[PDB]
(Lines of atoms letter the chains of each structure in order from A and count residues from 1; the text may use other names and numbers.)
(Lines give C-alpha, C1' and ligand atoms only; values in the text may rest on other atoms or scores of the structure.)
Protein backbone atom coordinates (compact mmCIF):
# COMPACT_ATOMS: atom_id res chain seq x y z
CA UNK A 1 0.00 0.00 0.00
CA UNK A 2 1.04 3.63 -0.37
CA UNK A 3 0.63 6.79 1.69
CA UNK A 4 0.51 10.10 -0.14
CA UNK A 5 1.90 13.55 0.46
CA UNK A 6 -1.04 15.76 1.37
CA UNK A 7 -1.97 18.64 -0.90
CA UNK A 8 -1.86 21.99 0.83
CA UNK A 9 -5.27 23.71 1.02
CA UNK A 10 -3.59 27.09 0.41
CA UNK A 11 -0.81 28.78 -1.59
CA UNK A 12 2.76 28.25 -0.35
CA UNK A 13 2.99 31.90 0.69
CA UNK A 14 -0.47 32.21 2.21
CA UNK A 15 0.83 31.96 5.79
CA UNK A 16 3.56 34.64 5.64
CA UNK A 17 4.94 36.25 7.68
CA UNK A 18 4.35 33.78 10.55
CA UNK A 19 5.27 30.85 8.30
CA UNK A 20 7.29 31.93 5.28
CA UNK A 21 6.93 30.68 1.73
CA UNK A 22 10.44 29.26 2.06
CA UNK A 23 9.50 27.40 5.25
CA UNK A 24 6.38 25.92 3.68
CA UNK A 25 8.39 24.67 0.72
CA UNK A 26 11.00 23.02 2.92
CA UNK A 27 8.68 21.87 5.69
CA UNK A 28 6.03 20.45 3.37
CA UNK A 29 8.04 19.74 0.21
CA UNK A 30 11.20 18.35 1.80
CA UNK A 31 10.64 17.26 5.39
CA UNK A 32 7.12 15.86 5.07
CA UNK A 33 7.82 14.36 1.65
CA UNK A 34 10.75 12.50 3.21
CA UNK A 35 8.68 11.14 6.11
CA UNK A 36 6.05 9.87 3.67
CA UNK A 37 8.64 8.19 1.43
CA UNK A 38 10.36 6.57 4.40
CA UNK A 39 7.08 5.30 5.82
CA UNK A 40 6.14 3.78 2.47
CA UNK A 41 9.46 1.97 2.15
CA UNK A 42 9.54 0.73 5.76
CA UNK A 43 6.06 -0.81 5.95
CA UNK A 44 6.53 -3.11 2.97
CA UNK A 45 6.57 -6.73 4.09
CA UNK A 46 5.23 -5.83 7.52
CA UNK A 47 1.88 -6.11 9.31
CA UNK A 48 1.42 -2.39 8.66
CA UNK A 49 1.70 -2.65 4.90
CA UNK A 50 -2.04 -2.16 4.43
CA UNK A 51 -3.05 -0.58 7.73
CA UNK A 52 -4.51 2.93 7.88
CA UNK A 53 -2.18 5.68 9.18
CA UNK A 54 -3.80 5.96 12.61
CA UNK A 55 -3.38 2.25 13.27
CA UNK A 56 0.31 2.45 12.39
CA UNK A 57 0.89 5.35 14.77
CA UNK A 58 -0.89 3.52 17.56
CA UNK A 59 0.97 0.24 17.16
CA UNK A 60 4.33 0.63 15.42
CA UNK A 61 7.77 1.15 16.97
CA UNK A 62 11.14 2.45 15.79
CA UNK A 63 11.71 3.94 12.36
CA UNK A 64 8.21 3.00 11.30
CA UNK A 65 6.73 4.92 14.23
CA UNK A 66 8.97 7.97 13.79
CA UNK A 67 7.94 8.37 10.16
CA UNK A 68 4.29 7.49 10.62
CA UNK A 69 4.03 9.76 13.64
CA UNK A 70 5.64 12.66 11.80
CA UNK A 71 3.42 12.03 8.76
CA UNK A 72 0.25 12.16 10.84
CA UNK A 73 1.57 15.11 12.87
CA UNK A 74 2.28 17.27 9.79
CA UNK A 75 -0.91 16.22 7.99
CA UNK A 76 -2.86 17.60 10.93
CA UNK A 77 -0.49 20.55 11.33
CA UNK A 78 -0.70 21.84 7.77
CA UNK A 79 -4.48 21.53 7.49
CA UNK A 80 -5.34 23.38 10.68
CA UNK A 81 -4.05 26.73 9.44
CA UNK A 82 -5.71 29.25 7.10
CA UNK A 83 -4.91 32.88 6.36
CA UNK A 84 -7.30 35.53 7.65
CA UNK A 85 -8.62 33.43 10.53
CA UNK A 86 -7.29 33.08 14.06
CA UNK A 87 -9.42 34.70 16.72
CA UNK A 88 -10.96 32.43 19.35
CA UNK A 89 -12.80 29.07 19.26
CA UNK A 90 -16.59 28.96 19.50
CA UNK A 91 -19.23 26.33 20.21
CA UNK A 92 -18.49 22.98 21.84
CA UNK A 93 -14.69 23.23 21.88
CA UNK A 94 -14.83 26.87 22.92
CA UNK A 95 -16.98 26.01 25.94
CA UNK A 96 -14.83 23.09 27.05
CA UNK A 97 -11.68 25.25 26.91
CA UNK A 98 -13.24 27.81 29.25
CA UNK A 99 -14.54 25.19 31.65
CA UNK A 100 -11.31 23.21 31.78
CA UNK A 101 -8.86 26.09 31.49
CA UNK A 102 -10.85 29.07 32.76
CA UNK A 103 -10.52 31.06 29.55
CA UNK A 104 -9.04 30.93 26.07
CA UNK A 105 -6.26 33.33 27.09
CA UNK A 106 -5.31 31.20 30.08
CA UNK A 107 -5.24 28.10 27.85
CA UNK A 108 -3.05 29.86 25.27
CA UNK A 109 -0.31 30.73 27.73
CA UNK A 110 -0.34 27.23 29.19
CA UNK A 111 -0.02 25.91 25.62
CA UNK A 112 2.77 28.36 24.79
CA UNK A 113 4.64 27.55 28.01
CA UNK A 114 4.35 23.83 27.25
CA UNK A 115 5.78 24.39 23.78
CA UNK A 116 8.57 26.64 25.02
CA UNK A 117 9.72 24.35 27.84
CA UNK A 118 9.74 21.22 25.68
CA UNK A 119 13.49 20.63 25.43
CA UNK A 120 14.69 19.63 21.97
CA UNK A 121 12.46 18.56 19.10
CA UNK A 122 8.81 17.69 19.56
CA UNK A 123 5.17 18.68 19.45
CA UNK A 124 2.70 20.30 21.81
CA UNK A 125 -0.79 18.82 21.34
CA UNK A 126 -4.28 19.83 22.47
CA UNK A 127 -6.07 16.46 22.70
CA UNK A 128 -9.36 15.06 23.99
CA UNK A 129 -10.62 11.70 25.24
CA UNK A 130 -13.87 9.90 24.39
CA UNK A 131 -15.69 12.07 26.95
CA UNK A 132 -14.46 15.36 25.50
CA UNK A 133 -11.96 15.92 28.28
CA UNK A 134 -9.16 18.22 27.10
CA UNK A 135 -5.49 17.84 27.91
CA UNK A 136 -2.22 19.41 26.77
CA UNK A 137 0.28 16.78 25.66
CA UNK A 138 4.01 17.47 25.33
CA UNK A 139 5.19 14.98 22.71
CA UNK A 140 8.93 14.58 22.20
CA UNK A 141 10.15 14.04 18.63
CA UNK A 142 7.52 12.17 16.59
CA UNK A 143 4.92 11.70 19.33
CA UNK A 144 1.16 12.01 18.78
CA UNK A 145 -1.75 11.58 21.27
CA UNK A 146 -3.47 8.89 19.15
CA UNK A 147 -0.85 6.53 20.58
CA UNK A 148 -2.56 7.11 23.93
CA UNK A 149 -6.02 6.62 22.43
CA UNK A 150 -6.61 10.36 22.53
CA UNK A 151 -8.03 12.53 19.74
CA UNK A 152 -5.49 15.12 18.43
CA UNK A 153 -7.16 18.52 18.00
CA UNK A 154 -4.46 21.18 17.66
CA UNK A 155 -0.72 20.61 17.33
CA UNK A 156 2.19 23.07 17.26
CA UNK A 157 5.49 21.87 15.78
CA UNK A 158 8.50 22.89 17.91
CA UNK A 159 11.14 21.09 15.85
CA UNK A 160 13.41 24.00 14.89
CA UNK A 161 12.79 23.54 11.14
CA UNK A 162 9.27 24.78 11.76
CA UNK A 163 10.42 28.30 12.55
CA UNK A 164 14.17 28.73 12.13
CA UNK A 165 14.35 30.59 8.82
CA UNK A 166 12.17 33.37 10.19
CA UNK A 167 12.60 33.24 13.98
CA UNK A 168 15.92 31.46 14.40
CA UNK A 169 16.21 30.88 18.15
CA UNK A 170 13.00 32.75 19.12
CA UNK A 171 10.66 29.77 19.52
CA UNK A 172 8.56 31.64 22.12
CA UNK A 173 7.76 34.42 19.63
CA UNK A 174 6.79 31.86 16.99
CA UNK A 175 4.36 30.06 19.32
CA UNK A 176 2.57 33.23 20.29
CA UNK A 177 2.33 34.27 16.62
CA UNK A 178 0.89 30.95 15.45
CA UNK A 179 -2.51 31.61 17.02
CA UNK A 180 -3.15 34.25 14.37
CA UNK A 181 -3.43 31.63 11.64
CA UNK A 182 -5.32 28.89 13.43
CA UNK A 183 -8.62 28.07 11.70
CA UNK A 184 -10.82 27.14 14.63
CA UNK A 185 -13.61 25.98 12.33
CA UNK A 186 -11.33 23.17 11.28
CA UNK A 187 -10.13 22.48 14.82
CA UNK A 188 -13.65 22.55 16.27
CA UNK A 189 -14.66 19.93 13.71
CA UNK A 190 -12.00 17.56 15.09
CA UNK A 191 -13.65 17.73 18.51
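Residue numbers count along the first chain shown, from 1.
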Stretch exceeding the other in mean C-alpha B-factor - 101 to 109, 117 to 125:
101 to 109
When the C-alpha temperature factors are averaged for each of 156 to 164 and 143 to 151, which stretch ends up with the higher value in the entry?
143 to 151
Have a look at 54, 70, 50, 34 and flag the one whose Cα has the highest B-factor in the entry.
50
What third of its chain's C-alpha B-factors does residue 132 belong to: lowest, middle or highest?
highest
In terms of the CA temperature factor given in the entry, to which third of its chain does residue 45 belong: lowest, middle or highest?
highest
